[PDB]
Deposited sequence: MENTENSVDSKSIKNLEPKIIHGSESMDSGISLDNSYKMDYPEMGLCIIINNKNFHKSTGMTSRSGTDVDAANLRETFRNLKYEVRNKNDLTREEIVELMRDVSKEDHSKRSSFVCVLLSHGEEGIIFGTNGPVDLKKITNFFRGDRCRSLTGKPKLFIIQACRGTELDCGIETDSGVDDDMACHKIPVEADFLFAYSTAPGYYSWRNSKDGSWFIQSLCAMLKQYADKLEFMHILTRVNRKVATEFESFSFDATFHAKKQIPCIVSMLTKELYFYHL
């Protein structure tokens, strides 16, 4: 045939793949962690957004750390041969490298390891996307007035906030990042490559949001999400 190019992930398998959404709102009292008001808005938006991208969406609410681990183990052991990609959305409390089950923390590394090129072979060479609405620390942004492929390859982490920083959630509108992510997927998924979509998300979050708090420490703060790509190809959600 004519000359071929290898710049873009094959996204025309029979299925787009799984979108696993882990929505942690209510935490065991013993943990001392607050309820995450507004997260259901996020979970609902995410479900609809990925539904229209033709992902097989599975929502799971209020999972323990043990339940998160076993869910990810089990999902990694499914046959993904007929699926183009894998998406996992985590919505919870967190710290750098860590997300919280209802009863305690899970290392992000433990979660993603199940999907390593060598440990989940039906996803080898396919984009594995991890979208994470969770704190990565306690810093606040004051803003300023204007043999073959690596086992860690083909992962993308779309973090809601910069390393070390709090991430902002609005109890009525949902989180800044998830709001903006869904809006930009809705508007551009049939147009832009995914990194270019994620860049629009960065700018929306950075420009359009600023915290209001009665507490001076947490008032007038800003947020910039953080795209971390080990993808080896461009990712378009559409095909021919």
item	value
Gaps in the model, given as deposited-sequence positions counted from residue 1	1-28, 175-184
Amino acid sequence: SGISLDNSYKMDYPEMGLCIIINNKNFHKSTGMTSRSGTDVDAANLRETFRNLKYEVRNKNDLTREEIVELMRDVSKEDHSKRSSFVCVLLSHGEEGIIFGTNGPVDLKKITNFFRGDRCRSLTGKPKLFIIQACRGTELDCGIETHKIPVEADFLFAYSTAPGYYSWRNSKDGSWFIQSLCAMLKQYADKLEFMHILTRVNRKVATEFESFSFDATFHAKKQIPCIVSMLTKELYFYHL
From here on, numbers count along this sequence of modelled residues.
property: Of 162-170 and 125-133, the one with larger mean CA B-factor; result: 162-170
property: 224-232 set against 11-19, stretch whose average Cα temperature factor tops the other in the entry; result: 11-19
property: Per the PDB entry, maximal CA B factor within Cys120, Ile149, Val87, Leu90; result: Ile149
property: Identity of residue with top Cα B-factor, from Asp107, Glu96, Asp154, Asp79; result: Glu96
property: Among modelled residues of the same chain, the CA temperature factor third for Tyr55; result: lowest
property: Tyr188 CA temperature factor, ranked by third within the chain; result: middle
property: For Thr199, the third of its chain into which the C-alpha B factor falls; result: lowest
property: Third assignment of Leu46 from its chain's C-alpha B-factors; result: lowest
property: Entry-reported Cα temperature factor of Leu181, expressed as the chain third it lands in; result: lowest
